[PDB]
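Structure file coords04.cif with mmCIF, C-alpha atoms:
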data_input
loop_
_atom_site.label_atom_id
_atom_site.label_comp_id
_atom_site.auth_asym_id
_atom_site.auth_seq_id
_atom_site.Cartn_x
_atom_site.Cartn_y
_atom_site.Cartn_z
CA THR A 1 107.35 118.48 95.14
CA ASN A 2 109.31 121.65 95.91
CA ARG A 3 112.22 119.77 97.52
CA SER A 4 113.92 116.39 97.14
CA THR A 5 114.48 115.35 100.77
CA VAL A 6 112.04 112.76 102.13
CA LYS A 7 111.58 112.09 105.85
CA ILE A 8 111.34 108.41 106.81
CA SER A 9 108.84 107.89 109.62
CA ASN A 10 110.11 104.82 111.50
CA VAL A 11 113.47 103.04 111.24
CA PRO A 12 115.02 100.40 113.54
CA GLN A 13 117.24 101.74 116.30
CA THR A 14 119.96 99.11 115.73
CA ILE A 15 120.71 100.03 112.10
CA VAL A 16 123.40 102.35 110.76
CA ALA A 17 123.31 104.80 107.86
CA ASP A 18 125.27 102.44 105.60
CA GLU A 19 122.68 99.65 105.94
CA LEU A 20 119.81 101.99 105.06
CA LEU A 21 121.80 103.37 102.13
CA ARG A 22 122.43 99.84 100.84
CA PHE A 23 118.74 98.96 101.24
CA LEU A 24 117.65 102.07 99.34
CA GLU A 25 120.18 101.48 96.56
CA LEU A 26 119.03 97.86 96.29
CA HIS A 27 115.33 98.71 96.03
CA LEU A 28 115.82 101.92 94.02
CA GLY A 29 118.42 102.69 91.37
CA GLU A 30 122.14 102.38 91.97
CA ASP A 31 123.74 105.36 93.74
CA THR A 32 120.51 107.36 93.54
CA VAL A 33 120.78 108.58 97.16
CA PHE A 34 122.73 111.79 97.76
CA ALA A 35 122.50 112.47 101.51
CA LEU A 36 121.27 110.30 104.38
CA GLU A 37 121.18 111.72 107.91
CA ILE A 38 119.92 110.01 111.07
CA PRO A 39 119.43 112.47 113.97
CA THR A 40 120.95 111.46 117.30
CA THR A 41 119.78 112.55 120.75
CA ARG A 42 123.24 111.95 122.21
CA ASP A 43 126.50 112.89 120.48
CA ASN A 44 127.27 109.72 118.52
CA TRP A 45 125.57 106.73 120.19
CA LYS A 46 121.78 107.31 120.38
CA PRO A 47 119.98 107.71 117.04
CA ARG A 48 116.35 108.78 116.90
CA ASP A 49 113.37 106.86 115.54
CA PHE A 50 113.23 108.76 112.22
CA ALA A 51 115.66 109.71 109.46
CA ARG A 52 115.84 112.07 106.49
CA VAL A 53 117.14 111.03 103.06
CA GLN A 54 117.90 113.25 100.06
CA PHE A 55 117.46 111.92 96.52
CA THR A 56 119.27 113.09 93.40
CA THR A 57 116.33 113.19 90.96
CA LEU A 58 112.67 113.96 91.60
CA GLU A 59 111.74 110.87 89.56
CA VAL A 60 113.51 108.74 92.17
CA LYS A 61 111.59 110.61 94.88
CA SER A 62 108.27 109.93 93.12
CA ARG A 63 109.15 106.25 92.70
CA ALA A 64 110.07 106.00 96.39
CA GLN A 65 106.79 107.67 97.36
CA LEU A 66 104.87 105.23 95.16
CA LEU A 67 106.69 102.27 96.70
CA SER A 68 106.01 103.54 100.23
CA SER A 69 102.32 104.12 99.47
CA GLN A 70 102.03 100.46 98.41
CA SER A 71 103.92 99.24 101.52
CA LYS A 72 106.58 97.59 99.35
CA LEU A 73 109.49 98.86 101.48
CA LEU A 74 110.34 96.36 104.24
CA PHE A 75 113.72 96.80 105.94
CA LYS A 76 114.25 94.48 108.92
CA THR A 77 110.53 93.73 109.47
CA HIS A 78 109.81 97.48 109.55
CA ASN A 79 107.46 99.18 107.09
CA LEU A 80 109.15 102.42 106.07
CA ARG A 81 106.75 105.36 105.73
CA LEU A 82 107.83 108.34 103.62
CA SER A 83 106.74 111.92 104.31
CA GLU A 84 107.78 115.37 103.15
CA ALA A 85 110.56 117.23 104.97
CA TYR A 86 110.87 120.85 106.05
CA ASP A 87 114.37 121.75 104.82
CA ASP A 88 116.97 120.18 102.55
CA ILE A 89 119.98 118.45 104.07
CA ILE A 90 122.26 120.21 101.56
CA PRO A 91 121.21 123.31 99.58
CA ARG A 92 121.86 121.75 96.17
CA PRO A 93 119.59 122.22 93.13
CA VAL A 94 117.85 119.16 91.75
CA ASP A 95 118.47 120.18 88.13
CA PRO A 96 121.95 119.04 86.99
CA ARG A 97 121.97 121.73 84.28
CA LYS A 98 121.97 124.59 86.80
CA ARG A 99 125.10 123.19 88.47
CA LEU A 100 128.10 124.89 86.84
CA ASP A 101 131.56 123.56 87.71
CA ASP A 102 135.00 124.92 86.77
CA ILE A 103 133.93 128.30 85.41
CA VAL A 104 135.66 131.69 85.41
CA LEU A 105 134.39 134.37 87.81
CA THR A 106 135.43 138.02 87.62
CA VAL A 107 134.20 141.26 89.19
CA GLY A 108 134.09 144.84 88.00
CA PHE A 109 131.85 147.77 87.13
CA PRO A 110 130.76 149.74 84.03
CA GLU A 111 133.92 151.84 84.08
CA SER A 112 133.44 153.47 80.67
CA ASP A 113 130.39 155.11 79.14
CA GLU A 114 130.72 152.84 76.09
CA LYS A 115 130.35 149.04 76.00
CA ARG A 116 133.47 148.48 78.09
CA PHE A 117 134.08 146.50 81.28
CA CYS A 118 137.00 146.48 83.71
CA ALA A 119 138.31 143.35 85.45
CA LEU A 120 139.70 143.77 88.97
CA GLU A 121 140.33 140.21 90.20
CA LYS A 122 139.59 136.98 88.33
CA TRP A 123 138.87 133.59 89.91
CA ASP A 124 139.07 130.28 88.05
CA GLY A 125 137.40 126.95 88.75
CA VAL A 126 134.55 128.34 90.85
CA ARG A 127 131.24 126.56 91.44
CA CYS A 128 127.91 128.22 90.64
CA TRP A 129 124.57 126.89 91.91
CA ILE A 130 121.21 128.44 90.99
CA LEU A 131 118.50 127.86 93.62
CA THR A 132 115.08 128.72 92.20
CA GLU A 133 113.17 127.72 95.35
CA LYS A 134 115.44 129.73 97.66
CA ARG A 135 115.60 132.66 95.20
CA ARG A 136 119.37 132.93 95.56
CA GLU B 1 123.97 77.08 103.84
CA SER B 2 121.77 78.53 106.60
CA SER B 3 120.02 75.20 107.21
CA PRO B 4 121.73 73.05 109.87
CA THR B 5 120.91 69.81 108.03
CA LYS B 6 120.74 68.86 104.35
CA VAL B 7 117.05 69.54 103.71
CA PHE B 8 117.23 71.96 100.74
CA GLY B 9 119.13 71.39 97.52
CA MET B 10 120.38 73.53 94.66
CA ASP B 11 119.57 72.60 91.07
CA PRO B 12 122.29 73.81 88.66
CA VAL B 13 120.26 73.28 85.47
CA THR B 14 117.38 75.46 86.71
CA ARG B 15 119.26 77.81 89.10
CA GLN B 16 116.62 77.39 91.80
CA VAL B 17 116.28 75.66 95.15
CA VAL B 18 114.59 72.27 95.50
CA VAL B 19 113.41 70.11 98.40
CA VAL B 20 115.47 66.94 98.89
CA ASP B 21 115.00 64.59 101.87
CA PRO B 22 112.35 66.65 103.71
CA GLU B 23 112.41 64.23 106.67
CA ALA B 24 115.66 65.69 108.06
CA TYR B 25 114.39 69.20 108.84
CA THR B 26 114.55 68.60 112.63
CA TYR B 27 112.16 71.57 113.09
CA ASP B 28 115.05 74.01 113.51
CA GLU B 29 113.75 77.49 112.62
CA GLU B 30 117.02 78.57 111.00
CA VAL B 31 116.07 78.81 107.32
CA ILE B 32 112.91 80.75 108.19
CA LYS B 33 114.92 83.13 110.38
CA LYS B 34 117.40 83.67 107.54
CA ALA B 35 114.54 84.35 105.12
CA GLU B 36 113.08 86.90 107.55
CA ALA B 37 116.50 88.54 107.93
CA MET B 38 116.97 88.79 104.16
CA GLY B 39 113.63 90.61 103.91
CA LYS B 40 111.29 87.88 102.63
CA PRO B 41 108.64 87.01 105.25
CA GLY B 42 106.62 84.59 103.13
CA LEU B 43 109.44 82.86 101.26
CA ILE B 44 109.43 79.38 102.86
CA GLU B 45 106.52 78.13 104.97
CA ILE B 46 107.04 74.88 106.89
CA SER B 47 104.32 73.37 109.08
CA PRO B 48 104.11 70.01 110.87
CA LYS B 49 101.60 67.43 109.66
CA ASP B 50 99.26 66.24 112.41
CA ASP B 51 98.05 63.00 110.79
CA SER B 52 101.43 61.70 109.55
CA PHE B 53 104.19 60.15 111.66
CA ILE C 1 70.00 92.08 113.19
CA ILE C 2 72.99 94.24 112.26
CA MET C 3 73.17 97.45 114.29
CA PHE C 4 76.21 99.25 112.83
CA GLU C 5 77.56 98.41 109.37
CA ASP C 6 79.93 100.56 107.29
CA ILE C 7 82.95 100.27 104.99
CA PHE C 8 86.24 101.16 106.70
CA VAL C 9 89.65 102.04 105.24
CA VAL C 10 92.80 101.62 107.33
CA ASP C 11 95.03 104.68 107.82
CA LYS C 12 98.08 103.51 109.79
CA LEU C 13 99.38 100.63 111.90
CA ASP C 14 100.73 101.04 115.43
CA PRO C 15 103.65 98.54 115.26
CA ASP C 16 104.16 98.93 111.49
CA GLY C 17 105.78 95.50 111.42
CA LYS C 18 105.29 92.50 109.18
CA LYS C 19 106.72 89.76 111.44
CA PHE C 20 106.76 91.33 114.91
CA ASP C 21 104.91 88.31 116.39
CA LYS C 22 102.73 90.75 118.35
CA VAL C 23 99.15 91.97 118.19
CA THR C 24 98.83 95.03 115.94
CA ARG C 25 96.51 97.97 116.61
CA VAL C 26 95.00 99.47 113.45
CA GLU C 27 93.51 102.91 112.81
CA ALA C 28 90.68 102.93 110.25
CA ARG C 29 88.48 105.88 109.32
CA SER C 30 84.87 105.28 108.31
CA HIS C 31 83.55 106.27 104.89
CA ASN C 32 80.62 108.70 104.46
CA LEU C 33 80.24 108.68 108.26
CA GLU C 34 83.51 110.19 109.63
CA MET C 35 84.10 107.63 112.39
CA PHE C 36 87.52 106.73 113.79
CA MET C 37 88.19 103.16 114.93
CA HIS C 38 90.86 101.49 117.05
CA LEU C 39 91.11 97.70 116.88
CA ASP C 40 93.69 95.08 117.88
CA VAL C 41 94.07 92.54 115.06
CA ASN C 42 96.45 89.63 114.52
CA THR C 43 98.36 90.16 111.28
CA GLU C 44 99.90 86.68 111.13
CA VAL C 45 96.54 84.92 110.83
CA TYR C 46 94.62 87.83 109.22
CA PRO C 47 96.86 90.01 107.02
CA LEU C 48 95.87 93.68 106.77
CA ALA C 49 97.94 96.18 104.79
CA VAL C 50 97.65 99.96 104.62
CA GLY C 51 95.13 101.25 102.09
CA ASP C 52 92.95 98.13 102.16
CA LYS C 53 89.16 98.43 102.41
CA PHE C 54 87.12 96.18 104.70
CA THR C 55 83.52 96.08 105.88
CA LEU C 56 82.51 95.89 109.54
CA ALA C 57 79.26 94.77 111.16
CA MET C 58 78.05 94.43 114.75
CA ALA C 59 75.16 92.20 115.84
CA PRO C 60 73.96 91.11 119.29
CA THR C 61 73.51 87.52 118.08
CA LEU C 62 74.65 85.47 115.09
CA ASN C 63 71.28 83.71 114.76
CA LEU C 64 68.46 84.83 112.47
CA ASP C 65 65.53 86.73 114.02
CA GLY C 66 66.23 86.26 117.71
CA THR C 67 67.89 83.56 119.85
CA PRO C 68 70.33 85.87 121.67
CA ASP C 69 73.34 84.24 123.34
CA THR C 70 73.85 81.89 110.55
CA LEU C 71 76.08 84.85 109.64
CA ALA C 72 79.33 82.86 109.88
CA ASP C 73 79.42 81.98 106.17
CA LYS C 74 79.38 85.64 105.07
CA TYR C 75 82.17 87.13 107.20
CA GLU C 76 85.57 85.71 108.13
CA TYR C 77 86.81 87.53 111.28
CA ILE C 78 83.99 87.02 113.78
CA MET C 79 84.72 88.07 117.37
CA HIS C 80 82.80 88.25 120.64
CA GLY C 81 83.04 90.83 123.39
CA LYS C 82 81.25 93.22 125.70
CA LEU C 83 80.85 96.99 126.01
CA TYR C 84 82.08 98.27 129.38
CA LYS C 85 82.56 102.03 128.87
CA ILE C 86 80.27 104.32 126.88
CA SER C 87 81.29 107.80 128.08
CA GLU C 88 83.00 109.97 125.47
CA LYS C 89 81.26 112.63 119.58
CA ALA C 90 80.44 109.54 121.62
CA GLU C 91 82.84 106.59 121.63
CA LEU C 92 82.57 102.91 122.54
CA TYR C 93 84.99 100.70 124.46
CA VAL C 94 84.49 97.01 123.61
CA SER C 95 87.01 94.37 124.70
CA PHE C 96 87.05 91.03 122.86
CA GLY C 97 88.73 88.98 125.56
CA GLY C 98 91.37 91.62 126.23
CA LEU C 99 91.50 93.02 122.68
CA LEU C 100 90.34 96.61 123.10
CA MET C 101 88.23 98.38 120.49
CA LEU C 102 87.60 102.14 120.33
CA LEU C 103 84.85 103.22 117.91
CA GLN C 104 84.71 107.02 118.01
CA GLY C 105 82.05 108.58 115.80
CA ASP C 106 79.01 110.84 116.11
CA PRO C 107 76.39 110.89 118.90
CA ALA C 108 73.56 110.27 116.43
CA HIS C 109 75.26 107.32 114.72
CA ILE C 110 75.67 105.32 117.95
CA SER C 111 72.46 105.45 119.99
CA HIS C 112 71.10 101.87 120.21
CA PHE C 113 73.94 100.38 122.29
CA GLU C 114 73.38 99.53 125.95
CA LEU C 115 75.96 99.24 128.72
CA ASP C 116 77.32 95.82 129.73
CA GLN C 117 75.91 93.88 126.78
CA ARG C 118 77.34 91.15 124.57
CA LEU C 119 77.93 92.01 120.90
CA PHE C 120 79.76 90.38 118.01
CA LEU C 121 82.18 91.82 115.44
CA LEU C 122 81.70 90.86 111.79
CA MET C 123 84.52 91.78 109.41
CA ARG C 124 85.38 91.06 105.78
CA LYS C 125 88.12 92.53 103.59
CA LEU C 126 85.92 92.59 100.47
#

For the file at hand, write its structure as structure tokens.
Amino acid sequence: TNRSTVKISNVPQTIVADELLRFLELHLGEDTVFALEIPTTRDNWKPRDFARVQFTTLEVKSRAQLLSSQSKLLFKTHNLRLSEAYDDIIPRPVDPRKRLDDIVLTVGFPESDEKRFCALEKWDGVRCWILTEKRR
Amino acid sequence: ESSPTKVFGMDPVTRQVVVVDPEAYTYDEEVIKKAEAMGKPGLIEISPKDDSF
Amino acid sequence: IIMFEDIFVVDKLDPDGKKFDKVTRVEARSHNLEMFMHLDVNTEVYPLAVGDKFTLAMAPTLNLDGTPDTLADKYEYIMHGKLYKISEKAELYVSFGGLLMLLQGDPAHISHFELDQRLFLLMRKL
């Protein structure tokens, strides 16, 4: 429950990422899948037997786990089994509130003894992500 | 449209499939294969009748 | 007449396919006895999904009080086979006409089984 990426146990070797994405969006909510990565032994023409998929909301992850526990996921006569993953595909917080977009960032130091602050260089439209699990 | 012959029909008033002229199935496992491909294994089950000819 | 009888819960399927048109090997762990079982079952004629609970029984003969070589009305997946390998936590190797079975449990649980004998396989999914 610490992360949002779920590792699929067995997938067909003939499928592509787009087909699995369409299947997941059909069974689950629309556009509820953020990242889908299928590891490949070769460079671009030999995918492995498993895949890792990242969900946007933990509720979607729980629903997918419940569906997989009941064996209700059948994609090309293959029963998809869902298991926890080791690391996230993209270090992005699950909470949409922590994601801050188009904010003003400036640096400085307590230059004066009073309640004064000095601005050296100011950046606009920066992105701020707060990762509680990674403590960064 | 997956069936080679006209064995299944579409009912517009009920928006569901119906069985019309079941004697022209020709035992071509095309509709069953399409159902398996779509993801429904137990959608349509067709079996021959041993005591009828 | 029944030698070994316990409730089993499946853990995983080897092919993990619904319409593979192939024999499927199942992995079920015994309850209150800690016994692991391998069994080749046909899913098309006898559906078995993950998480289901089924009972299992083994008897030398299906007759009542003797007559080796009427329990058919109780169970629904009767099989017949022989035990060819007993060497192992002892385990048994019974083949039902080419369908291998591996019942790995405890040495005390399996002690009344002889080598090269005919035994049945009674199963019911509750």

Residue contacts of residue 102 (chain C) (6 Å, only C-alpha atoms) excluding same-chain residues fewer than 5 positions away, as a tab-separated table (two decimals) with C-alpha atoms, in the frame of the given file:
chain	number	residue	atom	x	y	z
C	37	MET	CA	88.19	103.16	114.93
C	38	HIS	CA	90.86	101.49	117.05
C	92	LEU	CA	82.57	102.91	122.54
C	93	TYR	CA	84.99	100.70	124.46

- Message: Based on only C-alpha atoms, which of the residues in chain A come within 12 Å of chain C? I want them as a PyMOL selection string.
- Response: chain A and resi 9-12+68-81

- Task: Between CA of residue 36 (chain A) and CA of residue 53 (chain A), measure the distance and give it in Å to one decimal.
- Result: 4.4 Å

- Task: Up to 12 Å from chain C, what residues of chain B turn up? Count all atoms listed in the file and give them as a list in words.
- Result: residues 32, 33, 35, 36, 37, 39, 40, 41 and 42 of chain B

- Query: For the atom pair CA of residue 31 (chain B) and CA of residue 8 (chain B), what is the interatomic distance in Å to one decimal place?
  - Reply: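 Atom-to-atom, CA of residue 31 (chain B) and CA of residue 8 (chain B) are spaced 9.6 Å apart.
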
- Task: Grab the CA of residue 15 (chain A) to CA of residue 40 (chain A) distance for me, in Å with one decimal place.
- Result: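 Atom-to-atom, CA of residue 15 (chain A) to CA of residue 40 (chain A), that is 12.6 Å.
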
- Result set of the PyMOL selection byres ((chain A and resi 102-111) around 12) on the coordinates above, as a list in words: residues 99, 100, 101, 112, 113, 114, 115, 116, 117, 118, 119, 120, 121, 122, 123, 124, 125, 126, 127, 128 and 129 of chain A

- Query: Can you list what the PyMOL selection byres ((chain A and resi 60) around 12) grabs from this structure, as a PyMOL selection string?
  - Reply: chain A and resi 1+4-6+24-25+27-34+53-59+61-67+94

- Task: Check which residues satisfy the PyMOL selection byres ((chain A and resi 133-136) around 9) in the file shown, then give them as a list in words.
- Result: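 Given this file, the PyMOL selection byres ((chain A and resi 133-136) around 9) evaluates to residues 2, 3, 91, 93, 129, 130, 131 and 132 of chain A.
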
Quick one: residues within 9 Å of residue 30 (chain C), only C-alpha atoms counted, chain neighbours fewer than 5 positions away excluded, as a PDB file with C-alpha atoms, in the coordinates of the input?
ATOM      1  CA  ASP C   6      79.930 100.560 107.290  1.00  0.00           C
ATOM      2  CA  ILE C   7      82.950 100.270 104.990  1.00  0.00           C
ATOM      3  CA  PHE C   8      86.240 101.160 106.700  1.00  0.00           C
ATOM      4  CA  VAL C   9      89.650 102.040 105.240  1.00  0.00           C
ATOM      5  CA  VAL C  10      92.800 101.620 107.330  1.00  0.00           C
ATOM      6  CA  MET C  35      84.100 107.630 112.390  1.00  0.00           C
ATOM      7  CA  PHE C  36      87.520 106.730 113.790  1.00  0.00           C
ATOM      8  CA  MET C  37      88.190 103.160 114.930  1.00  0.00           C
ATOM      9  CA  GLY C 105      82.050 108.580 115.800  1.00  0.00           C
TER      10      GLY C 105
END

- Message: List as number ranges by chain the protein and nucleic acid residues near residue 76 (chain C), meaning an atom at most 9 Å away when all atoms listed in the file are counted, but skip any in the same chain fewer than 3 places from it.
- Response: C: 72-73, 122-125

- Counting only C-alpha atoms, the residue of A:16, A:82, A:26, A:21 that sits nearest chain B: A:26

- Item | Counting all atoms listed in the file, the residue of B:13, B:7, B:38, B:18 that sits nearest chain A |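 Nearest to chain A: B:38.
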
- Message: Need the shell around residue 21 (chain C): protein/DNA/RNA residues with any atom at most 10 Å away, counting all atoms listed in the file. Skip same-chain ones fewer than 4 positions apart. Format as a list in words?
- Response: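 That gives residues 17, 42, 43 and 44 of chain C.
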
- Query: Around (114.3, 63.0, 96.6) in the file's own coordinates, what residues are found within 12 Å if you use only C-alpha atoms, given back as number ranges by chain?
  - Reply: B: 6-9, 18-24

- Contacts of residue 79 (chain C) at 7 Å (only C-alpha atoms; same-chain gap of 5+ positions) as a PyMOL selection string: chain C and resi 96+120-122

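With all atoms listed in the file as the basis for measurement, B:34 is the residue among B:44, B:17, B:34, B:51 that approaches chain A most closely.
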
- Nearest residue to chain B from the set A:23, A:8, A:52, A:14 (distances using all atoms listed in the file):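 Among the listed residues, the smallest separation from chain B belongs to A:23.
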